[PDB]
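[1] Please work out how this folds:
(4 chains)
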Amino acid sequence: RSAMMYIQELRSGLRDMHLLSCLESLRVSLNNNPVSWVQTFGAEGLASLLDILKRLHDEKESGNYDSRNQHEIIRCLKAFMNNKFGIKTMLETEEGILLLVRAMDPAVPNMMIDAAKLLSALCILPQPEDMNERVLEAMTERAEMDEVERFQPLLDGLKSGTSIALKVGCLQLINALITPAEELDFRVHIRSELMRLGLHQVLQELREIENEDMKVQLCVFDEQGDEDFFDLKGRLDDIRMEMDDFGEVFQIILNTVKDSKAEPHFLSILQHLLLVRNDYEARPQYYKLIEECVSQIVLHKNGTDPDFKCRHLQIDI
Amino acid sequence: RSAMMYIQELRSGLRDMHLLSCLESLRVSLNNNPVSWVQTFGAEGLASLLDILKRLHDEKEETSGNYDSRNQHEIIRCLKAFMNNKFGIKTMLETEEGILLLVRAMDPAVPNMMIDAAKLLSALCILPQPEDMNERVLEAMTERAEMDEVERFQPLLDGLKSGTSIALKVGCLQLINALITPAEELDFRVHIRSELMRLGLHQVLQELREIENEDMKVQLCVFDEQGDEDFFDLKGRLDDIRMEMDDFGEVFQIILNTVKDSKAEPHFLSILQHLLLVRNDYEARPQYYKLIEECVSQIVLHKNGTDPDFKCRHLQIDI
Amino acid sequence: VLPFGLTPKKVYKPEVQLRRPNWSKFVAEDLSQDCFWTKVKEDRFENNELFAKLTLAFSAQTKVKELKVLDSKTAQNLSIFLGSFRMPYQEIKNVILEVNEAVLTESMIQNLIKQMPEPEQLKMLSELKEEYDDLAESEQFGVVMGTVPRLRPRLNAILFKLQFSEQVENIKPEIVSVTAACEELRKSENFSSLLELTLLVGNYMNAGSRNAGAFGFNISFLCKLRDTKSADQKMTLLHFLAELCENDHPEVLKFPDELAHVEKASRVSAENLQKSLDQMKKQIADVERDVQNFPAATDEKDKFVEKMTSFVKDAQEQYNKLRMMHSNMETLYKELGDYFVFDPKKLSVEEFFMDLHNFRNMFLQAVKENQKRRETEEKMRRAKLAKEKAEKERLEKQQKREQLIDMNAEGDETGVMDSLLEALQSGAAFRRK
Amino acid sequence: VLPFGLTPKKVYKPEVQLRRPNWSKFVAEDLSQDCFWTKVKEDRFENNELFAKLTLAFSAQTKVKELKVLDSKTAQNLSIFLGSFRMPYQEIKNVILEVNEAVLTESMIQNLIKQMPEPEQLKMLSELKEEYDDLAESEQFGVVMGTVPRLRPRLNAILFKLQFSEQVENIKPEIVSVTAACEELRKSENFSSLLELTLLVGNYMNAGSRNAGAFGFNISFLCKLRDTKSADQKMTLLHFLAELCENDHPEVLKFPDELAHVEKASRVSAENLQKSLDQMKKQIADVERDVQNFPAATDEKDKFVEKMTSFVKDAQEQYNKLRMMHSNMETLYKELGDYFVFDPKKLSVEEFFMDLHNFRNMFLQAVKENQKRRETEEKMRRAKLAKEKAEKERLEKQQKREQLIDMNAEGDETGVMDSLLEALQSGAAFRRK
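    Numbering: from 1, shown residues only, chains lettered A, B, ... in the order given. See the structure here:
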């Protein structure tokens, strides 16, 4: 119909509020025409939307008002992807998921909200294969061109000054990245990266908020970490069954530690084990408390690594 | 001179006040008279003192009020005056119950006797000859504890508790030190200091640091000193292990040999199993082993030369 | 019949036939009165459904056409062969004549040679052409193969062709190995440095004997070095030489690494290489002479003479490159023979390099043994010093405590106890050091 | 004089003589122009002050009287023997006649026997008794020993005596070991039960042929049990039996402990106990004859007739206890033959208790092979259950995320995203388990 007119409008090089007025009515057309109409705008039309965005994202200097333009593109993208074609079409662009990630600027909350909301929906898709890993891959790509932490944007959207809805959308993406992932190591690896960046002190603040959408997300993040602990508890039982021979287990530890920075430490541990003083009654209790301490460090609940910066440990009963 | 007659006076079986006036003049003799006089008193009169002492001890068929524990304290003063010379020391040690009955004399309920009794044992402990002296004193305390069904250090602990007196608080810590400091092998000094902590010394010790007594600070400072020596020696024994045991297979065998057929076997196996859970991340896995190591080094190479408390939980890390 | 004082053992009827022990059985009248096997009429003493658990583990379950020429053996062999090959007899012929490289295999040609009737029979079958239909399976193959000219040589040539690019990869790697080790031994001045070092030590030891002032020694003697040891049988000459290189000439210890291809040379065959090439040369000239006597191709399908002319130029091109490498390798070994002065004809290549390999390993052995012995000297020196350290300090403690009570032949003093408590209670009676 | 373009190697003169490598050297002119050993006119390229160190390790440092009777064979040997003995000749004689128990040992006597000149030469020496001082050391000994009546017999009896209690402790333990094992193997009803169990299981497998319904089998066959195995070749009859015991009859597992002495009897030679008792009886009968044929003790010191009769009484007493046990032992073996039905004449006692000992060890080995193998089963069955359970839970979680969106092919409508975003908000996208 009039779809080609929009493409010709976008490729013509409009600016400021002209570019805005057009994109606004394009969002309307996208949201109100049949699915038929979106397909004719198609890969061609999306490509230009993304080109315009790629131009805008290249910002060098208080701030640009063209965040209205950026956010309005994100809005078209939602409308475009509001039907099965749009999604599969966006997943095919080389820079679509990346440009969304770049639009997660905590300094413009409402855009990040809408962007992180799309990225979350992509994450929990069945096809193609490992969607979450692609979304994560893109976050890493953005993190290297900026020289920051790939999760800094997300954590920043969670800190106390930020709006309550940004906080939800943020933790929503967190769960979108963790939950669909199948391998235990990968879930714990990512969660431990979040804690490393400072997620723990934040979640404390977040639980006290009585917002329904928020409470739901914290429930999911809790549930997804409680699962991992169970699977780890399970993994431990598999070990306790297969590894019942002193020589065999000890060989496996050497085989995994050999030629890694972890090697000197293991010898150091064993050298200490010689020190447990020679006394009939005190010795087995040293080995129990040692076992207690190693049990706590290894089988850390919440499905996270222990904080390796934390310099004090309680080792209970 | 007149020593042979003090022996007869003891065996005629004097009681109540008549015995006390006998022992009080005997003490006066044993102090002011020369060395030669006490030798002809010697083993005979001493084993009488220790038999009347043994008699009065088995008068414990009533508490909350005794009639003749004033006699007991006089014998202790006699034994002090007796042991004031080198022969008496030598002769005392030869008796089968001379030391043991000096230990049954230690009672927190009646302060003054325990001060003098624990002061004699504290002297015996720091003796060069013969050999393992402090250990004999310990054996007596153990022997006493057996027949009473109580913990062997319990009286020493009860005497330290703030309810008593300042002279007794010191006198008990003095014997604590006197039992620990002469002992040469580490595994013993620690083994005993750990028995003191389990009985709850650490709680009590932090109350005695409040008291502004000089004779008290001396004993705390000496106790603290000897406790630091032990840590230092344990740290040196750690260095010897680091330089002699550097093969994995050899070290693991040694532990295995030490742990075989005990109750620490199940625990050592479990430690190794748990090590197989330290996540398979290139970066986290070293940090796992470092933290584990770091924790262990605080459990085993524990400060002040005592076992960690096995009924509690908690641990900090450097520097 | 009624047996010797007891009643018959029940007849079982099994479902599955099981595997059985074949013991020497005892029947009724083998026993005696008081023997063990009479008391055990107790077959009931143990009875279950294990009979069903046992049968589980131990079950053992799962016209026309006459001959005219061929002998009973050959015709039979072909009958099993042709009921497996399944290719048409006209097609078999065509694959041979064309030498079709997509169809032919090493596996395929080899089987033809074995299963083939021999020239005399093929000739005798070639005269029955007209009655082809009345013949048997095997003889049909026979007549068809009969028309192929010079089949025995033709097949022998096809086989060698398909087999050629294999035996190239058997000779070359072995040639290269020996070539390299020869160059490796010659180049290494660290091994050279050991021989010098060994001779110097050697010349001094021979004092004024039948040896001494030797300008060298045979290189095989290197393994004999270990044989000469110290008076105390605790260290050898080889151990000495290693340790003297460990301390004063570290460069030397790098030679077992300089000799990488020596092991692979220790495993080759001098004679079998010559055998293999001489067997190849004859096999090239076999086809070369078989391509000269061949009759001119009388159909459009005979691609032998064309294709095998491409092979012989190609095969001789590769053989001559091998013949080069080989005689070069032998030159290099003759070269080592003169450089280190040893008879290259009375000691084979594998012989030499095995001795050299053995010595190489003997040498590392000596080095490991030395670091191991030396570590046991360091951990025994310090350990005895850590004992002399404690014993001196233990006597230092005793000499401080005895300075209060003197035990030898004393007199009198009633102080003592007063002197004990004056320090005990004042804290001095607890030394530092 | 003068070699091929070079100078002779320095002539050394060491202090201490050293052990040396005896190698085939190369003299001046074994070398050619371009050889390696010509380049090494160096000899300095590796010079130190190691000669000290080398010498240290390989240093190899640290008329009267004529013979009248005896040959120089015996007259020389005695000179050495008497050099080690140092005992007065007139005392040795007295210790022999008295049989002085405190001075005499098995070693001492055994030397005398060996060193003594034969009775012919002792006689010829006791005819020269007067001229005692003119004789040599060796012959002086002889003149003393010549006056001892019947020496060769006297000394033999003394030896057998000093050797008697020692050789009883060679027969006895072994007589007991075979007695015990014969009685343990007779007492063991756990062993018994194994046979009963084996027979049944065997009787069933033997189906309907040669052996079947057999009343017994030969105890020998016990080791051959391991030789019957499953068709899949995974496990043996022994194993099955062992497993049958392990589960259904745990009592049977105790039979290796009931046969305590069975090992010790596997090692005792049956033929050597027979020889030993036959020798002991002989040696007794020897001293018996000696005592009867002895002259009257014509001096106060000759205690031989006295002490040897006191030894024959005792040596015969202990021997009859020994024989009783042996004949008892042999009975109990023949008893076993009759009981378990086997020819005791064709299998020696060691041979029989070896087969038995071996079987014990096969059974105990089969028992741990059953445990280890069964342990492999339970772990591998738990590991696959936990993996089925993990995979089941995993699929359930997958489907719960797929009930969101049909990425399949259905008609295009505009819910999709607004439908995903709602499930994100409510938590429906993050289903649990």
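
[2] what about the helix or strand containing residue A:118 and chain D, touching?
    Element membership for residue A:118, per DSSP states H and E: helix A:109-123. Yes: Helix A:109-123 lies within reach of chain D by CB under 8 Å from any CB of the partner chain, at A:117, A:118, A:120, A:121. (Each C-beta comes from the backbone N, C-alpha and C, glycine too.)

[3] Looking at those residues, which is nearest chain D?
    residue A:121 (4.2 Å; CB to the nearest CB).

[4] residue contacts, the closest one?
    Neighbour list for residue A:121: A:81, A:176, D:417, D:420, D:421, D:424 [criterion: CB atoms under 8 Å, 6 or more residues apart in numbering or on different chains].

[5] One more: residue C:110?
    Contacts for residue C:110 were tallied using CB under 8 Å, 6+ apart; they are residue C:159.

[6] and if you look at residue A:223?
    Applying CB under 8 Å, 6+ apart, we find residue A:223 in contact with D:430, D:432.

[7] do residue C:331 as well
    Per CB under 8 Å, 6+ apart, neighbours of residue C:331: none.

[8] Distance of it relative to residue C:182?
    Between residue C:331 and residue C:182 the computed distance is 9 Å (CB to CB, to the nearest Å).

[9] rewinding a little: same question for the helix holding residue A:118: list its buried residues.
    Buried residues in helix A:109-123, counting neighbours by 16 or more other CB atoms under 10 Å in any protein chain shown, are found at A:109, A:111-123.

[10] which helices and strands does the helix or strand where residue C:241 lies pack with?
    Residue C:241 is part of helix C:237-247 when elements are defined by DSSP H and E. Counting contacts by 3 or more CB pairs under 8 Å, 6 or more residues apart in numbering or on different chains; DSSP states H and E, helix C:237-247 packs against helix C:189-205, helix C:349-401, helix D:50-58.

[11] Mean neighbour count, those helices: which tops it?
    helix C:189-205 (a mean of 21; mean count of other CB atoms under 10 Å in any protein chain shown).

[12] who does whichever strand or helix holds residue A:295 touch, helix- and strand-wise?
    Using DSSP H and E, the element containing residue A:295 is helix A:283-298. For helix A:283-298, the elements it packs on are strand A:312-313, helix B:265-275, helix B:284-300, judged by 3+ CB pairs under 8 Å, 6+ apart.

[13] anything in the shortest one near chain B?
    Yes: figure legend: strand A:312-313 in contact with chain B (CB under 8 Å from any CB); contacting residues A:312, A:313.

[14] what does the domain assignment say about chain C?
    Split into domains by curated CATH domains, chain C comes to C:1-62, C:63-149, C:150-433.

[15] Give me the angle between the helix or strand harbouring residue C:338 and helix C:349-401.
    According to DSSP H and E, residue C:338 maps onto helix C:304-339. Relative orientation of helix C:304-339 versus helix C:349-401 (axes from the mean of the first three to the mean of the last three CA atoms, to 10 degrees): 50 degrees.

[16] chain center to helix C:304-339: distance?
    Counting by CA atoms, centre = their mean, to the nearest Å, helix C:304-339 is centred 28 Å from the centre of its parent chain.

[17] before we move on, back to that, from the contacts of residue A:121, which is closest to residue D:108?
    residue A:176 (101.1 Å; CB to CB).

[18] wait, doesn't the closest one sit right on residue A:124?
    Yes: counting by CB atoms under 8 Å, residue A:176 does reach residue A:124; the two are 5.9 Å apart.

[19] Now do the shared contacts for the two.
    Counting by CB under 8 Å, 6+ apart, the contacts common to residue A:176 and residue A:124 are A:132, D:424, D:429.

[20] who in the stretch 101-250 of chain A is up against chain B?
    By the rule CB under 8 Å from any CB, the part of the stretch 101-250 of chain A lying against chain B is A:185, A:188-189, A:192, A:232, A:235-236, A:239-240, A:243-244, A:246, A:249-250.

[21] out of these, which are buried?
    Buried subset of these (neighbour count, 16+ other CB under 10 Å): A:188, A:189, A:192, A:232, A:235, A:236, A:239, A:243, A:246, A:249, A:250.

[22] Nearest residue to the fifth one in space, ignoring adjacent ones along the chain?
    Same thing as residue A:235. Sequence neighbours aside, residue B:277 is the residue nearest to residue A:235 in space, at 6.6 Å (criterion: CB to CB, 6 or more residues apart in numbering or on different chains).

[23] and that neighbour, how far is that from residue A:252?
    Distance, residue B:277 to residue A:252, using CB to CB: 12 Å.

[24] try residue C:170
    Going from residue C:170 to residue A:252 by CB to CB gives 42 Å.

[25] which residues sit against the helix or strand residue C:419 falls within?
    Assessed by DSSP H and E, residue C:419 sits inside helix C:417-424. With contacts defined as CB under 8 Å, 6+ apart, helix C:417-424 is touched by B:80, B:83-85, B:89, B:119, B:122-123, B:126, B:174, B:178, C:404, C:429.

[26] Now do the buried residues in it.
    Buried, per 16+ other CB under 10 Å, within helix C:417-424: C:417, C:420, C:421, C:424.

[27] and residue C:224, backbone torsions?
    With angles defined as degrees, to the nearest 10, residue C:224 sits at phi -90, psi -10.

[28] Leaving out the residues flanking it, which one is nearest to residue C:191?
    Leaving aside its sequence neighbours, residue C:191 sits nearest to residue C:255 (CB to CB, 6+ apart; 4.4 Å).

[29] hmm, back to that, grab the CA positions of the helix holding residue A:295 and hand them over as CSV.
    In CSV, the C-alpha atoms belonging to helix A:283-298 read as follows (Å, rounded to 0.1, in the frame of the first residue of the first chain):
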residue,chain,number,x,y,z
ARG,A,283,42.0,-35.1,65.1
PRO,A,284,38.7,-36.5,63.8
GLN,A,285,37.0,-33.3,64.9
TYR,A,286,39.5,-31.2,62.9
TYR,A,287,38.7,-33.3,59.9
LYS,A,288,35.0,-32.9,60.5
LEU,A,289,35.2,-29.1,60.8
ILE,A,290,37.5,-29.0,57.8
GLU,A,291,34.9,-31.1,56.0
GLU,A,292,32.2,-28.7,57.4
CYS,A,293,34.1,-25.7,56.0
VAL,A,294,34.7,-27.2,52.6
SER,A,295,31.0,-28.3,52.4
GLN,A,296,29.9,-24.7,53.0
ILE,A,297,32.3,-23.2,50.5
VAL,A,298,31.5,-25.7,47.7
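
[30] between it and helix A:212-242, how big is the angle?
    Using the same axes, to 10 degrees: helix A:283-298 against helix A:212-242 is 140 degrees.

[31] Quickly note the distance from the closest residue to chain A within the stretch 101-250 of chain C to chain D.
    Relative to chain A, the nearest point of the stretch 101-250 of chain C is residue C:250 (25.8 Å; CB to the nearest CB). Distance from residue C:250 to chain D, counting by CB to the nearest CB, to the nearest Å: 13 Å.

[32] What number of residues are in the vicinity of that residue?
    By other CB atoms under 10 Å in any protein chain shown, 10 other residues sit near residue C:250.

[33] So it versus chain B, what's the distance?
    23 Å.

[34] still on that earlier bit, tell me which element the residue nearest to residue C:191 falls in.
    Using DSSP H and E, residue C:255 sits within helix C:255-258.

[35] for residue C:404, same thing?
    Assigned by DSSP H and E, residue C:404 belongs to no helix or strand.

[36] got the contact list for it?
    By CB under 8 Å, 6+ apart, the contact set of residue C:404 is B:128, C:419, C:420, C:423.

[37] Next up, phi/psi of it, please.
    Backbone torsions of residue C:404, given as degrees, to the nearest 10, read phi -140, psi -30.
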